[PDB]
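Report on the structure given below.
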Ligand SMILES: CCCCCCCCCCCCCCCCCC(=O)OC[C@H](COP(=O)([O-])OCC(O)COP(=O)([O-])OC[C@@H](COC(=O)CCCCCCCCCCCCCCCCC)OC(=O)CCCCCCCCCCCCCCCCC)OC(=O)CCCCCCCCCCCCCCCCC
Ligand SMILES: CC(C)=CCC/C(C)=C/CC/C(C)=C/CC/C(C)=C/CC/C(C)=C\CC/C(C)=C\CC/C(C)=C\CC/C(C)=C/CC/C(C)=C/CC1=C(C)C(=O)c2ccccc2C1=O
Ligand SMILES: CC(C)=CCC/C(C)=C/CC/C(C)=C/CC/C(C)=C\CC/C(C)=C/CC/C(C)=C\CC/C(C)=C\CC/C(C)=C/CC/C(C)=C/CC1=C(C)C(=O)c2ccccc2C1=O
Ligand code: HEC
Ligand code: HEM
Ligand code: HEM
């Protein structure tokens, strides 16, 4: 499992500055994780003011934004709690206004493509869909079942890789 | 009895024992010390300072790095006092290794 | 008090005529089924003027001809007392502020300020209600 | 067999034979204190201080104040193997490894907040009602040092756990403000830290001050403060029998030994509920103070919030007069030192401005002093603005406004808002005076209208005194009376019929408990009336 | 926030309200 | 011979709250017709048990509230107090009765997100749940008001209009009981 001692020390070193379970005053803070889990709290928010902890194409180094073991440990610490083609079409209908055209509703320049998503993978997309995003409503439980979330994530991933 | 001199020569730098508040850990002890920009591996209390490659972060870094003596290592109680005076007993050490997009 | 009650019994005769006609003409002529979002608000706006309308009918059937209802009554018929009228009170300013601090919190979704705003409403509705019923102090 | 009457008489003869406290005690017991709700506001700061004693003597039986580093290896699972000071590990042993130690720790922080709140509420009673005048000038000065000492006692209190949230407050305040003072320089910074921040003798110096040195001055000042109000006697609002040289109120032995002892039981009962239910300071969420770490909510308590809000509002005004530099922190150290100078020396700059230097024992009602009510409410509106700019990051996240525009509504508001609270309170306090003259010229404006037989809606005012054949009665004089505005507060409501909440009394016992109740207050009315005519 | 600011807010509306509201019941108004 | 202004001012107001429950019914029927292919409780089952033994309490609350308002017209200040504490404790049984029905339908069935029926059930019967809690407040602010003055006819008039509010809440729930449990 993820080491919660590492998770606490990582929270203190890198996130305490804007988050004491509260949110950063400057701009808009990320805020307390809703339905905290590795799938969504793990998935980064490079878009917007928040900095990108995980760096794409990064070899092991002393200076790094985040550590795979460090990420999991912090996502866990914050989370205390105390037909692929058919899926893609459904995602376009629900998110057809913004996802459709692979573009971004908030910014025309911003896109759902891998360059825009950096080090993207199916798990990172699934996770942001589940609880959605800072400016996007969460989809799990509330709107879409797990098969539907899995299928829409796969469709977005295949469309962006190709 | 409780009045001290802020400008007494204490820290033995290469420029002839300069005083405190002109030394911030990054001042080299001699000519070729080569203090490495070493990060922390999370929970920096008992964490060994791993080195950092310049290609480790992609864009938008935010990596708090620390001075590293390149003689400490980790495991021994003699050199573990060098990492306790590195962070918790040493202020104005941490810097932001910020990477700018091209 | 006849034409205070007849004013609410003409409107409920029209709205019942405008809710039967609207439900039937959307039962056989709408593009789908019976439209419910409009016939609900017409069966209950002939319920507005029927709760209010039949209450004014029960009062005009109990009361005699008061000096407003008589055709040419002299002005010296209202020699009695009107009733009670609050001359001044700083309680309506503190219910509006207390209901607008349970609506800021309902808008920003702050549960610590909705529940602080509901408790400010009750402790100020208590002030407006109890204002003319206290008695002196006991010391 | 016990008696407790002969046993209590021979004990009093034993005390009065060894000692002789007969005439000495009876004058203390027969001491008369005015019964008013505002005169209990100073007792909350006296009763919260006793709770800080009792829960602070407990709390030092378990606290180790050093700064020596040691790993945790205890019971709290996230903070396992973290290099912490021993001041932080024993502050995590009180919360976790002492049976009911988190309760006594949380009571002690809420008793610290009820203390420093009810000093501020008590300053507002003293300021607006004007209890700082001629005999009580030095009781303001003895008082206003207890407010300044309560700022630094609490600030040295939450800095003892060596939290990350509470360690950056020391780095901001004691290490940023004291480092840029132009009067002597940074020579003081090595004198209260023993070296560079954090040093090693910070918290054991903040543990000595906070236990004996500052509460030995607070308790010495309180002892020279309640022993002024005991001997120069307490003030009173003007009323029926209050003639500038009386003390009308209640005595000490049957009453006020009960209602000031039962009020100590109810202040302590609130802090029992607030100390157990509401969490106050989780120092286990954010870990130890390590200077590499960061906390997104670095804020002091509300008594020290106006100092943090003052740093945020001053703009970046530096000087560089020579090779040396003058930072932004000079504007707070002279800003804090000027607020503390106009709050200590206030009664001496009203004897100079107004010139009223006569022996005042009657308080003056705060609508009758329209300027000092408006100077005072200017100062609350300036205090409330600074303490709502120190928490602007929480206003940024929760209230959805900005983080950039909450200083520009503070820095523009620091000049504009205390200028329009002066105008909306000077014209409020005068309009409250004009509401007291309408209840004297015309009378208590009730609600009953009664259309006259020719039209002519009237309102049937209640005359409040002697009547006349003219329409409005003879006008009374003001003389500082509270002047009831409503008729239910006078004798027009009536008793609801005695009995239980569900079942009545047999109405022989009702007419006896309302004939002897409207005559037991009528006896109270002719008592003061035959005492007011003896004086005048 | 969960530090001193919602705790300081909860002092004035819970603690000092139930410490002034008691004193207005024990004391009088004159 | 004057038509009791406060009683007129309440029933004029109580016709507005019927239109507040007109926009809440019109959300229910349009999510039953244009969205219900099957019967609208698809993953849940509405039990009439714990829904009939809480709607037989409100009907008996109006049988005890109207006996309280008979005591205000006669002059019994204590008979008014006895039959509103019956009405308060049986209205509080309805909030605690329906409040246990909501917990039975969240950890077992449809919550307020994630269901089309889950939003038109927790708002139609939800704002009725706030017109009972808002109604029981008006019994505390009336029985405590009878402890402070001589029980004028203005104290009785204030007990007329609180009774009219409680019979309104009672009839609206019949328009909710005979809508969502029987006309599923
Ligand atoms: C949500 C947080 C809430 C947490 C709670 C914290 C609130 C603080 C506690 C307040 C303490 C007040 C004083 C208590 C001691 C006095 C007790 C007393 O009886 O003295 C009489 C006293 C008058 O005595 P007097 O001096 O001798 O008479 C002189 C003249 O009468 C004088 O005549 P007058 O012209 O001068 O008028 C005087 C009167 C004028 O009258 C009034 O203005 C109002 C009178 C009623 C006030 C109290 C109503 C309810 C109290 C709050 C309820 C909250 C509900 C929602 C909570 C949601 C939580 C999830 O003014 C007052 O007496 C001052 C009252 C102070 C108001 C308190 C404001 C509350 C702040 C809300 C904070 C919200 C918390 C947010 C935090 C969220 C989380 C972080 O009258 C009162 O004060 C009544 C207060 C009663 C409150 C106690 C609790 C009520 C329990 C009854 C429930 C019944 C159940 C069912 C019964 C069945 C049928 C009967
Ligand atoms: C550490 C500590 C407690 C120090 C206190 C010692 C100290 C520094 C005292 C200050 C000395 C000062 C400033 C004295 C000035 C007093 C003064 C001007 C006196 C003038 C002389 C005069 C008026 C008359 C002469 C006769 C005389 C002095 C005394 C006659 C009565 C006798 C024999 C003895 C009285 C001594 C005595 C029992 C005093 C108790 C006074 C105290 C401290 C009471 C405490 C007290 C309590 C406990 C309350 O709850 C309270 C609640 C609400 C309001 C007030 C009080 C309050 O004052
Ligand atoms: C009366 C006075 C301050 C006179 C000053 C005399 C004078 C001329 C001084 C010159 C020096 C100057 C300019 C000083 C500026 C003021 C300053 C910087 C410091 C003074 C500090 C001080 C003594 C302040 C006293 C004012 C004060 C805190 C309270 C008095 C308010 C009064 C009269 C009654 C309180 C009524 C009450 C209990 C209300 C509770 C419910 C409300 C509305 C609370 C409002 C509220 C408050 C008041 C908070 O402090 C607060 C802090 C942190 C978070 C939230 C809150 C919050 O919500
Ligand atoms: C260990 C986890 C973690 C750390 C450390 C962290 N964040 Fe975040 N952040 C998140 C998650 C998860 C989200 C997605 C929003 C949510 O949780 O609903 C997020 C979202 C944000 C957003 C909003 C982005 C958007 O489009 O909604 C900003 C801005 C942000 N973070 C800034 C920061 C800054 C600045 C730091 C450090 C200086 C930081 N974060 C450190 C987990 C973290
Ligand atoms: C803001 C600092 C203070 C000042 C300027 C101040 C000033 C005064 C003044 C002038 C009086 C006048 C006597 C009267 O009201 O007739 C008084 C009363 C009193 N003060 Fe203070 N005081 C302050 C704080 C305190 C504190 C912190 C305590 C708690 C120990 C306290 C306890 C009392 C007591 C017990 C009284 C007498 C009765 C009462 O008003 O409660 N005071 N004060
Ligand atoms: C008899 C005098 C006092 C003694 C011996 C005392 C002792 C202590 C001790 C040992 C702590 C321990 C820190 C901890 O538990 O984490 C503490 C904390 C504290 N004290 Fe005191 N104290 C006294 C008076 C006061 C007073 C008068 C105040 C009011 C300003 C005050 C405010 C505080 C605060 C705010 C804390 C921090 C509580 C926390 O850690 O959560 N103390 N005190």
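Would you be able to say whether some residue in region A:59-68 is buried (at least 20 other Cβ atoms within 10 Å of the Cβ), away from ligand 5 (no atom under 16 Å from the Cβ), under 17 Å from the mean Cα position of the chain (by Cα) and more than 14 Å from every other protein chain (Cβ to nearest Cβ)? Scanning region A:59-68, I find no residue that is buried (at least 20 other Cβ atoms within 10 Å of the Cβ), away from ligand 5 (no atom under 16 Å from the Cβ), under 17 Å from the mean Cα position of the chain (by Cα) and more than 14 Å from every other protein chain (Cβ to nearest Cβ), so the answer is no. Inspect all residues belonging to region F:146-164 and state whether any of them is surrounded by 18 or more Cβ atoms within 10 Å (Cβ to Cβ), farther than 20 Å from residue F:89 by Cα and away from every other protein chain (no Cβ under 11 Å). Within region F:146-164 (the criterion being surrounded by 18 or more Cβ atoms within 10 Å (Cβ to Cβ), farther than 20 Å from residue F:89 by Cα and away from every other protein chain (no Cβ under 11 Å)), the answer is yes, since at least one residue qualifies.
Counting only helices (runs of 4 or more DSSP H) that fall entirely inside region C:1-112 and contain at least 2 residues that are more than 14 Å from chain D (Cβ to nearest Cβ) and out of contact with any helix residue (DSSP H, G or I) (no Cβ under 9 Å at 6 or more places or on another chain), the qualifying elements are C:7-25. Filter region D:4-46 down to the residues that are out of contact with any strand residue (DSSP E or B) (no Cβ under 8 Å at 6 or more places or on another chain) and within 16 Å of ligand 3 (Cβ to nearest atom) and list them by number. Hits for region D:4-46 are D:37, D:38, D:40, D:41, D:42, D:43, D:44, D:45.
Within region D:130-146, the set of residues being closer than 16 Å to residue D:354 by Cβ and more than 8 Å from ligand 5 (Cβ to nearest atom) comprises D:130, D:133, D:134, D:137. Could you go through region D:402-419 and let me know if any residue there is within 14 Å of chain A (Cβ to nearest Cβ), crowded, with 18+ Cβ neighbours inside 10 Å, within 16 Å of ligand 4 (Cβ to nearest atom) and in a helix (DSSP H, G or I). Within region D:402-419 (the criterion being within 14 Å of chain A (Cβ to nearest Cβ), crowded, with 18+ Cβ neighbours inside 10 Å, within 16 Å of ligand 4 (Cβ to nearest atom) and in a helix (DSSP H, G or I)), the answer is no, since none of the residues qualifies. Of the numbered criteria (1) under 30 Å from residue D:517 (Cβ atoms); (2) more than 14 Å from chain F (Cβ to nearest Cβ), the one residue D:488 fails is (2). For residue D:243, the criteria (1) surrounded by fewer than 21 Cβ atoms within 10 Å (Cβ to Cβ); (2) within 30 Å of residue D:396 (Cβ to Cβ); (3) more than 10 Å from every other protein chain (Cβ to nearest Cβ) hold in every case but one, which is (2).
Would you be able to say whether some residue in region D:172-195 is touching a helix residue (DSSP H, G or I) at 6+ places or on another chain (Cβ under 8 Å), within 10 Å of ligand 6 (Cβ to nearest atom) and within 13 Å of another protein chain (Cβ to nearest Cβ)? Scanning region D:172-195, I find no residue that is touching a helix residue (DSSP H, G or I) at 6+ places or on another chain (Cβ under 8 Å), within 10 Å of ligand 6 (Cβ to nearest atom) and within 13 Å of another protein chain (Cβ to nearest Cβ), so the answer is no.
All of C:40, C:12, C:52 fail the test of being more than 19 Å from the chain's Cα centre (by Cα), closer than 16 Å to residue F:15 by Cα and surrounded by 13 or more Cβ atoms within 10 Å (Cβ to Cβ), apart from C:40. Selection of region B:70-87 for residues being within 18 Å of residue B:27 (Cα to Cα) and in a loop (DSSP other than H, G, I, E, B) yields B:70, B:71, B:72, B:85, B:86, B:87. Counting only helices (runs of 4 or more DSSP H) that fall entirely inside region D:110-193 and contain at least 3 residues that are touching a strand residue (DSSP E or B) at 6+ places or on another chain (Cβ under 6 Å), no element qualifies. Of the candidates A:48, A:82, A:55, the single residue that is buried (at least 22 other Cβ atoms within 10 Å of the Cβ) and part of a loop (DSSP other than H, G, I, E, B) is A:55.
Of the residues making up region E:15-30, those that are facing chain D (nearest Cβ under 7 Å) and either part of a helix (DSSP H, G or I) or under 8 Å from the mean Cα position of the chain (by Cα) (or both) are E:15, E:16, E:18, E:19, E:22, E:23, E:24, E:26.
Could you go through region D:248-255 and let me know if any residue there is more than 16 Å from ligand 3 (Cβ to nearest atom), in a helix (DSSP H, G or I) and over 20 Å from residue D:174 (Cα atoms). The answer is no, given that none of the residues of region D:248-255 is more than 16 Å from ligand 3 (Cβ to nearest atom), in a helix (DSSP H, G or I) and over 20 Å from residue D:174 (Cα atoms). Of the residues D:24, D:45, the single one that is within 16 Å of ligand 5 (Cβ to nearest atom) and either within 14 Å of chain E (Cβ to nearest Cβ) or not in a loop (DSSP other than H, G, I, E, B) (or both) is D:45. When you scan region D:122-140, how many residues do you find that are in contact with a helix residue (DSSP H, G or I) (Cβ under 6 Å, 6 or more places away or on another chain) and either within 15 Å of ligand 6 (Cβ to nearest atom) or more than 11 Å from chain E (Cβ to nearest Cβ) (or both)? Total satisfying the criteria: 5.
As a convention, Cβ positions derive from the backbone with ideal geometry for all residues, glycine included, and neighbour counts pool all protein chains shown. Laboratory data are not the source of any read-out in this text; all were calculated from the coordinates shown.
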